[PDB]
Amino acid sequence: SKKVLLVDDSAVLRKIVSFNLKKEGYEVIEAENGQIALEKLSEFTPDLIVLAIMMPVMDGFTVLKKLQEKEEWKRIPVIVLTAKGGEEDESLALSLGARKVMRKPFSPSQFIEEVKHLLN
């Protein structure tokens, strides 16, 4: 099955996003902050990364930047799922290599379309 790395500091949010991904048959690996996410890339390569921005220890803008700095990691597609609503926040994330930026509060069924579109 496709494998998703889900990166967010809210356990309540990881729970509901994971529920919806596993409804589609995906496997899900969770990380509580950006540094934990990059640690788990040493034990696998996901088909997709779902990334928040405002996390302790390492934020999602630093994650996106480090993803481009390593040959292995640079082509994993990333959807950014964030409360940062600015046009400027979205632009910065896309310029850092995010494939799509989705705002919070989000619709779980629109989120899942975008996940499927990127996986296929």
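Quick note: we count residues from 1 along the sequence shown, nothing fancier.
- Once the C-alpha B-factors are averaged per stretch, 51 to 59 and 37 to 45 rank with 37 to 45 first.
- Of the two segments examined, 81 to 89 and 26 to 34, it is 81 to 89 that shows the higher average Cα temperature factor in the deposited entry.
- Sort the modelled residues of the chain by CA B factor and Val4 lands in the middle third.
- In the PDB entry, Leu94 places in the middle third of its chain by CA B-factor.
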